[PDB]
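Working notes, beginning with the structure itself.
Order of writing sets the chain letters: A, B, C, D, E, F, G, H and I. Residues in each chain are counted from 1.
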């Protein structure tokens, strides 16, 4: 997503992936995944409220982040 | 508090131990390659990125040879933020997208090193582990890269705790390098023995010899060919656009300027 | 053979000096190599290698980058060659009439042709005091021949 | 505006190719140290060179006194020391 | 998985038609994606309100 | 007709021309 | 001293005394 | 060259464990092997 | 903090990198 869009879009989550998720006790956490979902949703909402002609690579982001949530819920 | 706990559990912890420096360095080598290839204000930017890739690789070597997990943490944090801030300094792109991608792989493998730990046995050249043919070729290629061999030696010396000076450190490195190359050859001769007194295979000879001859041909003849080819191209039609005949007659006032141009 | 004995002697002297200095100032058995000494020599070598590859590139780019000296038409010589036999209509002007467009003037032209991207581009890319004004004279007096 | 050529040859490839060539040759120059440093550890890692400098200085002394017959003889010693590495080990022993 | 393909459509109906109803569709998706696995097995017949 | 066995031979022996063995 | 200990090698070290 | 790579790798092992006294001692072996060609012949014998 | 002892060390050892010892 940071390779297709820039600035405030991304550059918050990619930074957090490198500095929080991958630098953690085994499995990231629960708060990381929650904040990821939350940020992606907020980004979608504010891009919908208009950047113009917003792109939605955050659809595949949100849905993959909710797929992982389901995988870790089943454990 | 929470931040402190995260950092404590990233330093003290109770994890395993892996050596992913080889792969981290390979990622950075690919990054260097694509930035070098991506020369396309822009030259200045690409030159700064060069100095950067280089400096970061040197710092990485330091922390690896000094086995510093805290140092790697700091470096990772700084580098992540700085590379992401360099996305804002786009003012001097597929090349940059790929550079970001390969740097992301470096950040992922680096993060792994920090969260795993540094293994006790860190010394030892990656390509001298096995004694096959691939190891042989790769090692020789590393030695053929302009300054990699010497940089590795000096750098390692500076970090690794030694009693010897640079001269003597370089001695043991040379001896080892040569000894490895010999060992690989000895091993391959034991693996695939060559009958006693079996010519040398006509084809092998023809190949190597031919290549050498062609290389020598390209030292003398090819330059001459190229030179002549370029220089020979000469001749662009030049026709007087106008015929300006000024028949300067009067010594005092030269006149008779009846003349013509391209239509005529 | 003379050169042989000179080489041998030179090398032998250098070795002797080093041996003597090691006897004068002995180094404990197994005493690292002094972090600072390492940092110094190593650093110098690295910097020298940096100056083999990077520094030339820097110098090269620095010199070559400097480009761009304003060139404005001093005069606007419009010779409207009309008559096929005798081309005339040479009413034209020079520097006094020619007006080097100012920054404000440049903005005006750029804005006039702002809708068309490339039109504005031309004007904007050309530096201020670059676009000159062709105030060609139209008055005659010069009869024709 | 006009563009002054501050390149000389060709910034794109002429100077570029020259730069590459220089780097390579400087590469070989620097390799010239850290490649065969081990082929001299027999003429450069001598423990005590005192006996060899005596030989060398005796050649010099015998040339000042112009007894050049002994110059030939002492040169013979020098070349045999350097023709047999094992005798160098013996002659350059730290103590005796 | 049909419960979920509908959630996809809910999201994209909002996205395409940029309006206020669209923001509402987006929200309906966000919600039933979070609180959704719960009512995929609890709304099967038990009050699909 | 360069076989793969010949091809490795060639390569290794040019490497021996430069590098040791 | 470092100097004397790096210049102490002799033939006795290379004798084949059960070198496994 | 098996016996020489053992020496070389022992220098490396002794630098990782930071017993640098033995680094100096094993370096002495390396330099004497390369200071006397006849001992190299002995040490690099095919079998023994 | 380069001491004079360190400074001579540095110099001599770079000389050893080029010249013998």
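The working rule: a residue touches a chain if its C-beta (ideal position, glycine included) is under 8 Å from a C-beta of that chain, and two chains touch if they have at least 3 such contacts.
Note on connectivity: the fewest chain-to-chain touch steps from chain F to chain I number 2. Across A-B and C-G, it is A-B that has more C-beta pairs touching.
As a whole-number value, the distance joining the C-alpha centres of chain B and chain E reads 52 Å.
Between chain C and chain F the centroid-to-centroid distance comes to 48 Å (mean Cα coordinates, whole Å).
Note on chain placement: the centre of chain E and the centre of chain F lie 66 Å apart, centres being C-alpha means.
Between the CA-based centres of chain C and chain I the separation comes to 40 Å, rounded to the whole angstrom.
Residues of chain D that touch chain I in their complex: 33, 44.
Residue ranges on chain D touching chain G, taken from their complex, read 45, 47, 94.
Chain C makes touch with chain H in their complex at residues 29-30, 32.
Contacts from chain G toward chain H in the complex involve residues 2, 5-11, 13-14, 16, 19.
Put simply, chain G touches chain C in their complex at residues 1-3, 5.
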